[PDB]
Amino acid sequence: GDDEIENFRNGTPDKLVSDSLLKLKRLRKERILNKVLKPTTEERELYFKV
Amino acid sequence: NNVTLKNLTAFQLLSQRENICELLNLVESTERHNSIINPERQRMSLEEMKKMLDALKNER
Amino acid sequence: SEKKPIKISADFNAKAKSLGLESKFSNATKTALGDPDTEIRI
């Protein structure tokens, strides 16, 4: 995606990685609070991006 | 309405701490001290005493 | 800050709280593992 190209050209990709990991953790917490096992598509996409 | 060891110890410790904090003047208890004295109630009671005394005076 | 930092009143639940002893009048504390929802989730 374009976010990666920007956060590479403008330096600091680590900020993108940290924000994406926070989003992954939040999504997993929401996935635990209601009983569901299969991760959604956006979680797979964030994992692949990281 | 029930009294257990925890309640008793908490009550005693609260009383002690309140007294000590009052010694160091670290507490302002104007609300409590004026709800207990209640100067309005003082005036009411004084006027009631005066009326009762007048009643006893005039019955003779 | 400048004046007396306590200001005791005639409530005994704010009075007790302002002097530290707040949970010390309840039987047992409040925890998270006591609800059936969290139990079902675990």
# chains A, B, ... in the order shown; residues from 1 in each chain; ligands from 1
$ interface_residues --of "chain C" --to "chain A" --cutoff "12 Å" --atoms "only C-alpha atoms" --output "short mmCIF file (atom, residue, chain, number, x, y, z; two decimals) with N, CA and C atoms, in the first residue's frame"
data_model
loop_
_atom_site.label_atom_id
_atom_site.label_comp_id
_atom_site.auth_asym_id
_atom_site.auth_seq_id
_atom_site.Cartn_x
_atom_site.Cartn_y
_atom_site.Cartn_z
N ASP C 37 -19.74 -13.96 32.82
CA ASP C 37 -19.27 -13.65 31.48
C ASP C 37 -17.78 -13.95 31.34
N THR C 38 -16.97 -13.40 32.25
CA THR C 38 -15.54 -13.67 32.21
C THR C 38 -15.24 -15.14 32.42
N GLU C 39 -16.05 -15.83 33.22
CA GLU C 39 -15.85 -17.26 33.41
C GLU C 39 -16.10 -18.02 32.11
N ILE C 40 -17.18 -17.67 31.40
CA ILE C 40 -17.46 -18.33 30.13
C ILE C 40 -16.34 -18.05 29.13
N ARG C 41 -15.81 -16.82 29.14
CA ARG C 41 -14.74 -16.48 28.21
C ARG C 41 -13.47 -17.26 28.50
N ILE C 42 -13.08 -17.33 29.78
CA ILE C 42 -11.89 -18.10 30.15
C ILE C 42 -12.08 -19.57 29.80
#
$ residues_around --residues "residue 9 in chain C" --least-positions-apart "3" --cutoff "10 Å" --atoms "only C-alpha atoms" --output "PyMOL selection string"
(chain B and resi 28-33+35) or (chain C and resi 6+12-16)
$ interface_residues --of "chain B" --to "chain C" --cutoff "12 Å" --atoms "only C-alpha atoms" --output "ChimeraX atom specification"
/B:1-22,24-36
$ atom_distance --atom1 "CA of residue 38 in chain A" --atom2 "CA of residue 22 in chain A"
19.0 Å
$ atom_distance --atom1 "CA of residue 48 in chain A" --atom2 "CA of residue 29 in chain A"
19.0 Å
$ atom_distance --atom1 "CA of residue 32 in chain C" --atom2 "CA of residue 24 in chain A"
24.3 Å
$ select_by_dssp --residues "chain B" --states "alpha helix (DSSP H)" --output "VMD selection string"
chain B and resid 5 to 23 30 to 37 39 to 58
$ write_last_selection --atoms "C-alpha atoms" --output "tab-separated table (two decimals), in the first residue's frame"
chain	number	residue	atom	x	y	z
B	5	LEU	CA	-13.47	-7.09	63.81
B	6	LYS	CA	-12.77	-5.17	60.61
B	7	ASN	CA	-15.56	-2.67	61.27
B	8	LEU	CA	-14.48	-2.12	64.88
B	9	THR	CA	-10.82	-1.58	64.03
B	10	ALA	CA	-11.73	0.73	61.15
B	11	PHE	CA	-14.02	2.78	63.39
B	12	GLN	CA	-11.43	3.14	66.15
B	13	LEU	CA	-8.66	4.01	63.69
B	14	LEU	CA	-10.89	6.56	61.97
B	15	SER	CA	-11.65	8.26	65.29
B	16	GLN	CA	-7.96	8.35	66.23
B	17	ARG	CA	-6.90	9.73	62.85
B	18	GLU	CA	-9.61	12.39	62.92
B	19	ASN	CA	-8.54	13.55	66.37
B	20	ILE	CA	-4.86	13.72	65.45
B	21	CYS	CA	-5.50	15.49	62.14
B	22	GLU	CA	-7.53	17.98	64.16
B	23	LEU	CA	-4.60	18.53	66.52
B	30	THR	CA	-17.38	23.73	60.06
B	31	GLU	CA	-20.26	21.81	58.46
B	32	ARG	CA	-20.35	19.13	61.16
B	33	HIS	CA	-19.77	21.58	64.02
B	34	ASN	CA	-22.57	23.87	62.80
B	35	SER	CA	-24.97	21.01	62.08
B	36	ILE	CA	-24.45	19.77	65.64
B	37	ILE	CA	-24.69	23.20	67.25
B	39	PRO	CA	-27.60	28.02	65.71
B	40	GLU	CA	-31.04	28.17	64.09
B	41	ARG	CA	-32.06	25.28	66.34
B	42	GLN	CA	-30.47	27.19	69.22
B	43	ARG	CA	-32.66	30.22	68.58
B	44	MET	CA	-35.76	28.04	68.16
B	45	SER	CA	-35.08	26.23	71.44
B	46	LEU	CA	-34.40	29.51	73.23
B	47	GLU	CA	-37.71	30.99	72.09
B	48	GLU	CA	-39.50	27.79	73.11
B	49	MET	CA	-37.92	28.03	76.56
B	50	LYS	CA	-39.01	31.66	76.82
B	51	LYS	CA	-42.59	30.80	75.86
B	52	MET	CA	-42.76	27.93	78.36
B	53	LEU	CA	-41.35	30.17	81.08
B	54	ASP	CA	-43.92	32.88	80.34
B	55	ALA	CA	-46.66	30.24	80.45
B	56	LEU	CA	-45.50	29.04	83.86
B	57	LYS	CA	-45.21	32.65	85.02
B	58	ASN	CA	-48.73	33.69	84.02
$ residues_around --residues "residue 50 in chain A" --least-positions-apart "2" --cutoff "9 Å" --atoms "only C-alpha atoms" --output "list in words"
residues 16, 17, 20, 21, 45, 46, 47 and 48 of chain A
